[PDB]
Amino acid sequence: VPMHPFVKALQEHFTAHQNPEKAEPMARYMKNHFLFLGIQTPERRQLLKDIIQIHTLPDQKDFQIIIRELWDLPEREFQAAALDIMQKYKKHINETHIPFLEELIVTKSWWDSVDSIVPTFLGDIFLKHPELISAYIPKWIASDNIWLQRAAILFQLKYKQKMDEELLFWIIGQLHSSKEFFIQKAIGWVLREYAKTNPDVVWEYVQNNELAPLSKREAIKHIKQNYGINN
(Lines of atoms letter the chains of each structure in order from A and count residues from 1; the text may use other names and numbers.)
(Lines give C-alpha, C1' and ligand atoms only; values in the text may rest on other atoms or scores of the structure.)
Protein backbone atom coordinates (compact mmCIF):
# COMPACT_ATOMS: atom_id res chain seq x y z
CA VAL A 1 0.00 0.00 0.00
CA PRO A 2 1.45 3.35 -1.13
CA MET A 3 2.68 6.18 1.04
CA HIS A 4 -0.11 8.55 2.13
CA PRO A 5 -0.46 11.29 -0.55
CA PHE A 6 0.05 14.02 2.05
CA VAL A 7 3.37 12.48 3.05
CA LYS A 8 4.37 11.93 -0.59
CA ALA A 9 3.59 15.61 -1.29
CA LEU A 10 5.60 16.71 1.71
CA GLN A 11 8.51 14.54 0.66
CA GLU A 12 8.47 15.96 -2.91
CA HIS A 13 8.26 19.55 -1.67
CA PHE A 14 11.00 19.18 0.96
CA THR A 15 13.31 17.42 -1.46
CA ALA A 16 12.94 20.17 -4.09
CA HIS A 17 14.25 22.67 -1.53
CA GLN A 18 17.09 20.60 -0.14
CA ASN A 19 20.42 22.22 0.61
CA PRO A 20 23.36 19.79 0.55
CA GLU A 21 25.73 22.49 1.80
CA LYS A 22 23.68 23.11 4.96
CA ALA A 23 22.88 19.43 5.34
CA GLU A 24 26.49 18.52 6.12
CA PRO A 25 26.92 20.70 9.25
CA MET A 26 23.33 20.02 10.35
CA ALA A 27 24.08 16.28 10.27
CA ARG A 28 27.36 16.81 12.12
CA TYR A 29 25.49 18.71 14.82
CA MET A 30 23.53 15.50 15.48
CA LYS A 31 26.74 13.42 15.50
CA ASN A 32 25.90 12.02 12.07
CA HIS A 33 23.13 9.81 13.40
CA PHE A 34 20.81 11.08 10.69
CA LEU A 35 20.72 12.13 7.05
CA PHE A 36 19.56 15.74 6.66
CA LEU A 37 18.01 17.52 3.67
CA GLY A 38 19.52 20.78 4.93
CA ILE A 39 16.29 22.66 5.58
CA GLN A 40 16.19 24.78 8.71
CA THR A 41 13.09 25.31 10.81
CA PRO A 42 11.65 28.55 9.40
CA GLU A 43 11.72 27.22 5.83
CA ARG A 44 10.64 23.75 6.91
CA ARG A 45 7.56 25.17 8.61
CA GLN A 46 6.71 27.24 5.53
CA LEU A 47 7.06 24.23 3.24
CA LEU A 48 4.73 22.27 5.53
CA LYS A 49 2.32 25.18 5.53
CA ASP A 50 2.37 25.15 1.70
CA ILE A 51 1.39 21.47 1.56
CA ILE A 52 -1.43 21.96 4.07
CA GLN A 53 -2.70 24.98 2.13
CA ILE A 54 -2.89 22.84 -1.02
CA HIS A 55 -3.88 19.41 0.27
CA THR A 56 -5.51 20.35 3.61
CA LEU A 57 -4.62 18.54 6.82
CA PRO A 58 -5.50 14.82 6.57
CA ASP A 59 -8.51 13.54 8.49
CA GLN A 60 -7.60 12.66 12.08
CA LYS A 61 -8.24 8.99 11.26
CA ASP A 62 -4.88 9.03 9.42
CA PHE A 63 -2.98 11.01 12.07
CA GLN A 64 -0.88 8.18 13.55
CA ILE A 65 -0.36 6.75 10.06
CA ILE A 66 1.12 10.03 8.78
CA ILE A 67 3.43 10.35 11.75
CA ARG A 68 4.72 6.80 11.35
CA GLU A 69 5.34 7.23 7.65
CA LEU A 70 7.29 10.47 8.21
CA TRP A 71 9.15 8.84 11.07
CA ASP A 72 10.29 6.07 8.74
CA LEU A 73 11.75 8.46 6.14
CA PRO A 74 15.56 8.79 6.33
CA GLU A 75 16.05 12.55 6.57
CA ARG A 76 15.66 14.19 9.97
CA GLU A 77 13.50 17.05 8.66
CA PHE A 78 10.69 14.51 8.21
CA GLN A 79 10.68 13.67 11.92
CA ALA A 80 10.77 17.39 12.68
CA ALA A 81 7.81 17.88 10.34
CA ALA A 82 6.03 14.94 11.98
CA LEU A 83 6.25 16.70 15.34
CA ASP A 84 4.92 19.93 13.78
CA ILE A 85 2.00 17.96 12.37
CA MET A 86 1.36 16.15 15.65
CA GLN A 87 0.94 19.59 17.24
CA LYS A 88 -1.85 20.31 14.74
CA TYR A 89 -3.69 17.21 16.03
CA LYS A 90 -3.06 18.09 19.70
CA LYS A 91 -6.75 18.26 20.60
CA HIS A 92 -7.17 14.63 19.51
CA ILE A 93 -4.34 13.30 21.65
CA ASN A 94 -5.14 11.72 25.02
CA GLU A 95 -3.98 9.13 27.53
CA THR A 96 -4.62 6.29 25.06
CA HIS A 97 -1.75 7.66 22.96
CA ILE A 98 0.96 7.11 25.54
CA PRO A 99 2.20 3.85 23.96
CA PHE A 100 2.16 5.57 20.55
CA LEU A 101 4.31 8.35 21.98
CA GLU A 102 6.62 5.84 23.73
CA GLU A 103 7.22 4.24 20.39
CA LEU A 104 8.22 7.59 18.87
CA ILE A 105 10.60 8.26 21.74
CA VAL A 106 12.48 5.00 21.20
CA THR A 107 12.69 5.08 17.39
CA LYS A 108 15.07 7.44 15.53
CA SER A 109 15.95 8.62 19.03
CA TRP A 110 18.05 11.65 19.82
CA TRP A 111 17.73 14.72 22.00
CA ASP A 112 15.94 16.77 19.32
CA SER A 113 12.98 14.39 18.87
CA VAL A 114 12.70 13.27 22.50
CA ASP A 115 12.83 16.83 23.91
CA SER A 116 10.06 17.79 21.47
CA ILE A 117 7.84 14.90 22.52
CA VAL A 118 8.23 14.63 26.26
CA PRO A 119 7.68 17.89 28.14
CA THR A 120 4.86 18.92 25.80
CA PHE A 121 2.82 15.94 24.62
CA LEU A 122 3.57 13.51 27.45
CA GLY A 123 3.76 16.32 29.98
CA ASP A 124 0.23 17.45 29.15
CA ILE A 125 -1.18 13.92 29.30
CA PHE A 126 0.29 13.13 32.73
CA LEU A 127 -0.81 16.53 34.03
CA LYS A 128 -4.37 15.57 33.21
CA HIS A 129 -3.98 11.91 34.26
CA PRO A 130 -1.39 11.87 37.05
CA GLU A 131 -2.73 8.49 38.22
CA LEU A 132 -1.25 7.02 35.03
CA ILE A 133 2.30 8.07 35.89
CA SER A 134 2.93 4.97 37.95
CA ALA A 135 1.83 2.80 35.03
CA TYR A 136 4.81 4.05 32.97
CA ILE A 137 7.54 5.90 34.83
CA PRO A 138 8.84 2.87 36.79
CA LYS A 139 9.12 0.85 33.55
CA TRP A 140 10.88 3.76 31.80
CA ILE A 141 13.39 4.13 34.61
CA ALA A 142 14.12 0.42 34.67
CA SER A 143 14.50 0.14 30.92
CA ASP A 144 17.83 -0.13 29.10
CA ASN A 145 16.74 2.86 27.02
CA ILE A 146 18.26 6.19 28.01
CA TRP A 147 15.62 8.12 26.09
CA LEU A 148 12.82 6.57 28.15
CA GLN A 149 14.86 7.44 31.22
CA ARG A 150 15.22 11.01 29.98
CA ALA A 151 11.43 11.06 29.38
CA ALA A 152 10.86 10.06 33.03
CA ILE A 153 13.04 13.00 34.10
CA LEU A 154 11.70 15.63 31.72
CA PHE A 155 7.95 15.09 31.44
CA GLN A 156 7.43 17.45 34.40
CA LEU A 157 9.79 20.11 32.98
CA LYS A 158 7.06 22.71 32.42
CA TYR A 159 4.85 21.91 35.44
CA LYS A 160 6.03 24.83 37.54
CA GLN A 161 3.72 24.99 40.58
CA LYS A 162 2.17 21.65 39.53
CA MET A 163 5.48 19.85 39.97
CA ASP A 164 5.22 16.70 42.10
CA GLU A 165 8.36 17.30 44.15
CA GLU A 166 8.41 13.92 45.86
CA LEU A 167 8.09 12.18 42.51
CA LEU A 168 10.70 14.38 40.83
CA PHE A 169 13.26 13.72 43.53
CA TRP A 170 12.49 10.01 43.60
CA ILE A 171 13.05 9.79 39.85
CA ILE A 172 16.29 11.74 40.15
CA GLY A 173 17.39 9.47 43.00
CA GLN A 174 16.85 6.45 40.75
CA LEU A 175 18.95 7.91 37.95
CA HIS A 176 21.61 10.01 39.73
CA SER A 177 24.30 7.36 39.31
CA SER A 178 23.96 7.20 35.53
CA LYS A 179 27.18 7.89 33.64
CA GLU A 180 25.14 8.87 30.54
CA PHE A 181 25.51 12.50 29.50
CA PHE A 182 21.88 12.82 28.36
CA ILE A 183 20.65 11.61 31.75
CA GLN A 184 23.02 13.78 33.82
CA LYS A 185 22.11 16.78 31.71
CA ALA A 186 18.36 16.15 31.92
CA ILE A 187 18.62 15.98 35.69
CA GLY A 188 20.47 19.29 35.64
CA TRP A 189 17.90 20.85 33.30
CA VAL A 190 14.80 19.82 35.23
CA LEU A 191 16.31 20.99 38.53
CA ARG A 192 17.45 24.28 36.97
CA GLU A 193 13.97 24.81 35.56
CA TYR A 194 12.14 23.85 38.74
CA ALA A 195 14.52 26.17 40.66
CA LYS A 196 12.80 29.05 38.86
CA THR A 197 9.66 28.08 40.79
CA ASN A 198 11.12 26.83 44.07
CA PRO A 199 14.83 27.68 44.46
CA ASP A 200 15.06 26.78 48.18
CA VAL A 201 13.87 23.22 47.56
CA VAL A 202 16.28 22.68 44.67
CA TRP A 203 19.17 24.23 46.59
CA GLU A 204 18.54 22.00 49.60
CA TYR A 205 18.27 18.96 47.35
CA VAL A 206 21.54 19.45 45.52
CA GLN A 207 23.44 20.32 48.68
CA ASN A 208 22.26 17.17 50.46
CA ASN A 209 21.92 14.44 47.82
CA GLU A 210 24.42 12.79 45.46
CA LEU A 211 24.44 14.06 41.88
CA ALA A 212 26.83 13.81 38.97
CA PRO A 213 28.99 16.97 38.94
CA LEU A 214 27.41 18.00 35.61
CA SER A 215 23.90 17.65 37.00
CA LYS A 216 24.68 19.74 40.06
CA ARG A 217 26.44 22.57 38.29
CA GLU A 218 23.68 22.78 35.65
CA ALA A 219 21.02 22.75 38.39
CA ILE A 220 22.48 25.73 40.24
CA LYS A 221 23.67 27.64 37.20
CA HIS A 222 21.44 30.54 38.22
CA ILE A 223 20.40 30.07 41.83
CA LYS A 224 24.02 29.87 43.01
CA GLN A 225 23.83 33.69 42.65
CA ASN A 226 21.13 33.79 45.32
CA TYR A 227 22.93 31.67 47.92
CA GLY A 228 26.57 32.37 47.15
CA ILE A 229 29.54 30.05 46.70
CA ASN A 230 31.25 29.16 49.96
CA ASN A 231 35.05 29.20 50.18
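Just count from 1 along the sequence shown to find any residue number.
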Review point. For the stretches 96 to 104 and 157 to 165, which has the higher mean C-alpha B-factor as given in the deposited record?
Key: 157 to 165
Exercise for review: Tell me which of 84 to 92 and 105 to 113 has the higher mean C-alpha B-factor in the deposited entry.
Suggested key: 84 to 92
Exercise for review: Identify, among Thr56, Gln64, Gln184, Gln174, the residue whose C-alpha carries the highest B-factor in the deposited PDB entry.
Suggested key: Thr56
Check your understanding: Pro42: which third of its chain by C-alpha temperature factor?
Key -> highest
Check your understanding: When the modelled residues of the chain are sorted by Cα temperature factor, does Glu69 land in the lowest, middle or highest third?
Key -> middle
Practice item. Could you say whether, by C-alpha temperature factor, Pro119 belongs to the lowest, middle or highest third of its chain? Key: middle
Study note, to complete from the structure: In terms of its chain's C-alpha B-factors, the third that includes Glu180 is the middle
Check your understanding: Can you tell me which third, lowest, middle or highest, the CA B-factor of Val190 falls into for its chain?
Key -> middle
